[PDB]
């Protein structure tokens, strides 16, 4: 899994080397940054339900056809609405993992790999998840570097969906 620490090791191991300052500095930056990342991860976790709930409605608001069109891909039934909120929760939970891990690894591994295939196979619009993510970005209530951290991983997901 891709983290600043595993990337530092991978770089050394690729060349059959022991680790050097060239690599310990990277890891130190990670350790220093963790204070801001952990604030963000905690706040997003603590406020996850209201973020998810808010995000779901933001989607339904922008794309009201998703609440009305017939189809298992849509949130026009209770089961569909439950799957949509689950998915949004997945996204948010992955953001929190990225923050805890200090890198994109968890999202890359658990969510991004396979994403386009899954979205195309199950007829899910990327634009739906982007709206959800834009809501979370807008309303997470973080400021300063904690917000920079959260937004970096949220925008990473948005970019993966574009």
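Residue numbers count along the first chain shown, from 1.
Mean CA temperature factor is higher for 65-73 when stretches 90-98 and 65-73 are set side by side in the entry. Annotation for residue 130: CA B-factor lies in the middle third of the chain's modelled residues.
Ranked by Cα temperature factor within the chain, residue 157 sits in the lowest third according to the deposited record.
In the deposited entry, the Cα temperature factor of residue 28 sits in the middle third of values across the chain's modelled residues. In the PDB entry, a CA B factor belonging to the highest third of its chain's modelled residues is recorded for residue 115. Looking at the C-alpha B-factors along this chain, the one for residue 46 belongs to the middle third.
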